[PDB]
There are 12 protein chains.
Amino acid sequence: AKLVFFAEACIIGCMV
Amino acid sequence: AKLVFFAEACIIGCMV
Amino acid sequence: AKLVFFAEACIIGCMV
Amino acid sequence: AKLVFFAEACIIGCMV
Amino acid sequence: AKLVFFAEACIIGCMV
Amino acid sequence: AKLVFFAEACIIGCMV
Amino acid sequence: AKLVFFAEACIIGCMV
Amino acid sequence: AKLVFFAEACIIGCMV
Amino acid sequence: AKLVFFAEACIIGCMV
Amino acid sequence: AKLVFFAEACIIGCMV
Amino acid sequence: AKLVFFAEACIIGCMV
Amino acid sequence: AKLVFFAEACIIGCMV
C-alpha cells in the first residue's frame, strides 16, 4: 500500500 | 499560499 | 506531554 | 485533494 | 524569525 | 519521477 | 492556537 | 494504533 | 530504541 | 546518494 | 553527531 | 548553506 496525503483546505495523510 | 498548522490537542495543516 | 502519531488508515499528531 | 511529491534531483509537493 | 510554508500549487518552506 | 511513501506496517519514501 | 516553526539558525515548533 | 519511530542508527516509522 | 517527540509547549524529538 | 536540505531563506531537498 | 538522510533510491535517515 | 540535524539524544535542525 501507499501513504497518501489528501486535503479537502486542510491536509491529512492516510494509508490506502 | 501559506500553509497554516492549525493545532487546536492535534495538528492539522491547511492553507490561506 | 508527548506528540503521538495515531494511526487509527490515517495519521494524526496529537498532544497527549 | 492529494499532495504529490514531484521530485524530478530535488523534492517539491503540490496538489491535484 | 519564522519558517513559513507558502505555495503558489507546489509548496516550499522559507525562513522569513 | 514521483516520490511515494511506500507501505506494507512501515513507511519508506522512494524514487520512481 | 497555531503551531509556528520558530527560528533565530535553528528551528523549533511551538504552541501559541 | 500509533506510528512508532524505531531506531535500528537508522529511523523507520512503523504502524504499531 | 525509539524516537519520541516530547512536548517539553515546544515539540522536540529525542531518543530513548 | 544523500538528501541535502539546502537553505540558500528557503529549504529544498535534493538528491546529491 | 548528526542525522543524515541517505539515499540508499529510497530515503532513510540514519545517525553518524 | 544547508539544514543540519544535530543530535545533542534530541534532534534539532539548524541552518549551517
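A quick note on method: Cβ atoms are made from the backbone with ideal geometry, for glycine too, and the neighbour counts reach across all protein chains shown. The numbers here are math on the coordinates, done by the rules we state, and not lab data.
Quick notes on this one:
- Residues in segment H:1-11 that are under 19 Å from A:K2 (Cβ atoms) and surrounded by fewer than 17 Cβ atoms within 10 Å (Cβ to Cβ): H:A1 alone.
- Counted residues, chain A - those being more than 13 Å from chain F (Cβ to nearest Cβ) and not in a strand (DSSP E or B): 3
- Pair list, Cβ under 7 Å, 6 or more apart: chain G residue of a type in the set (G, A, S), other residue surrounded by fewer than 15 Cβ atoms within 10 Å (Cβ to Cβ) and assigned to a loop (DSSP other than H, G, I, E, B): G:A1/B:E8; G:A1/G:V16; G:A7/E:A1
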